[PDB]
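In C-alpha cells, one chain follows: the form deposited in one PDB entry.
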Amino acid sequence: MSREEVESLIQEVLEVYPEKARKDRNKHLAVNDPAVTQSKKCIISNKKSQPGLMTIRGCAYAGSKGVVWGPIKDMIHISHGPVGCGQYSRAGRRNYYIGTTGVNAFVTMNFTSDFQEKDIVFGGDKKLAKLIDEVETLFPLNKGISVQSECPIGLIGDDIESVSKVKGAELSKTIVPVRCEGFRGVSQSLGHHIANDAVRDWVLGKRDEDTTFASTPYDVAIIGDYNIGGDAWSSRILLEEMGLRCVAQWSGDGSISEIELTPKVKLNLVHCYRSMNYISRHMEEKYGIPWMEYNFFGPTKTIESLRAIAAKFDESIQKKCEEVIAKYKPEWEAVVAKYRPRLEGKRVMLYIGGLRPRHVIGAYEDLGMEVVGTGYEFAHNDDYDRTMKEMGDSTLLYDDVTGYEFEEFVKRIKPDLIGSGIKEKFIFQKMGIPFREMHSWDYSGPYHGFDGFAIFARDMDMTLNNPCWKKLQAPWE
C-alpha cells in the first residue's frame, strides 16, 4: 500500500538522472489505480529509450526474425547482413517444433549472408540471389524462404524485394523479403508489425482462389502462440477436447501451409494481442473471421477462457467444454492444495516484454501470491489499458525500466520473487532474491493450461523456498 510512499520512491529514484532524462523517465513510471481505464492519462509507452541508460529492449530484427518468422519450421530464414545477429539469435528462443532439422525443419539453424566490406561497398543483391540458388540446391525440401534484413541492408540501399520477386518467379517459390532493420522503431514491436505486413502481403493470400480445403463449423486458428517449451501444444489439446478443429497454429510449430489455410477458419484465438493484432484485424476486415483474446495461465483464467470460446459455438461445444472442465478440475485442485500453503502471501515483481506481465497475474493469484509491480519492455497504451484493471491498488507500473531504476525499486519494495529476462536474473540473484525467467520459463515448461499449471506451481515453489537463498550471509559476517 502507501501510494504516497511509492510516489516518493519514484521521485527519489529519479533524482539521480540529468534534467532531460529525468523528465523523460518521470512519464514512464506510475502508481496503479484500478478505477482508471485510460492509461494515457497515467503512463506513456512505445517511446524512444534514453541513451546510455542500460535498457532491456531489443530491435525490430529480434521482433521479426526471432519472434514471428523464426518459429516457422518448414521455411528457411536468411539473416541478410553481417554474421552477428543470426549468431546471437540462433536457438536462443525455445519455440518448440517437430521435424527433422536440416532436412524438413530449419528453426535452430543459422542462415546468413555473412556480409564483408565488399558487400557493404558494392551491395549484396547478386550475393542474395546466388545465395537463394545455393539454398535451393542444398535444402530441396524447404517450403519457402524469408529474407530478414539487418541494419546495413536498410543503410546501403539493397533492393531485396525485386530480388525476391525475380528469384521466386524463376524457382516458383515463395520468397518473402522482410525489412526488419534494427534501427527502425524503438523496440521489437515494429518488428512484429513489419513481420505481420510481410505475412499479409506475401504468404497469407496465396490460397484465396483455392477452394479445395474442407471446412467445418468448428474451425479455429491459434494466433500469437509461439510454443515456448510447448505452451501451444498444451493449449491445443484442450481445444481438441472441446470439439474444435485447430486448422492453423501461428507461429510456434507452425507451417506455411497452416498460415495459408488460416483464412478458411471460423474463429481466431489470439493469445498475444501485442504481436499479431495487426494480422488478426486484417483477417477480420478481409475475410470476416472474428477473433478473440484468450488466457490459459492458471485454472481460473483457462476455465473462463474455455467457457468464452464455447460461447461462440453451439451447445455441443459447450457440453464438451463443461466435460473437459470437470475432467481437469481434480488435477489443478490437487496442485493448489499441495503448493498454495507453501506460497501464500508472497509478493512478486514482474518485467517482461509485452503480454506476459499481465497474463501471468491470474496464475500467481491462484496460488495466493500478489503482484506488487509490473511493467513492459515495449507494450503500447492498449496493453496498459488492459493490465491496469488486472492489478491491485497502489502497485508499481514501469515502462522501459532501466537497470538502475529496476534495481532501486526492488531494493525498496523487497519482493519475494522477480520474473524478468536473463539480463536481470543474475543481478537479482546476487542481491538474494529468488528469480524466474519469464521468457524461456527458465528452461522448463509448458506453463499454459492445466498441465502447465502443475509445472508453474512446482517451479515457483522450488525457487521461492530453495535453501540457497538462506545462505547468502556468512555466519562470521
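Heads up, when I say rigid core I mean the largest set of C-alphas that superpose within 1.5 Å between the two forms. Numbers follow the displayed sequence, beginning with 1. Only residues modelled in both forms are compared.
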Notebook entry, point to check: If we scan the other compared entries, does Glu405 go without coordinates in at least a third?
Noted result: yes
Next item on the list: Compare the other PDB entries of this protein and indicate whether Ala60 is left unmodelled in at least a third of them.
Entry: no
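Unshown form deposited in another entry; subsequent notes refer to it.
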Check: 2 Å or more on the CA of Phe450 between this form and the one not shown, with the rigid core superposed, yes or no?
Finding: no
Item checked: Threshold 2 Å Cα movement between this form and the one not shown at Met438, rigid core reference -> yes
Margin query: Flagged pair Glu181/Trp441: C-alpha distance shifts by 3 angstroms or more in the other form. Which direction, closer or farther?
Written below: closer
Next item on the list: Using the form shown as baseline, tell whether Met438 and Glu333 are closer or farther in Cα-Cα distance in the other form, where the change reaches 3 Å or more.
Entry: closer
Check: When the two are fit on their core, where are the runs of 3+ residues whose C-alphas each shift at least 2 angstroms between this form and the one not shown?
Finding: 434 to 442
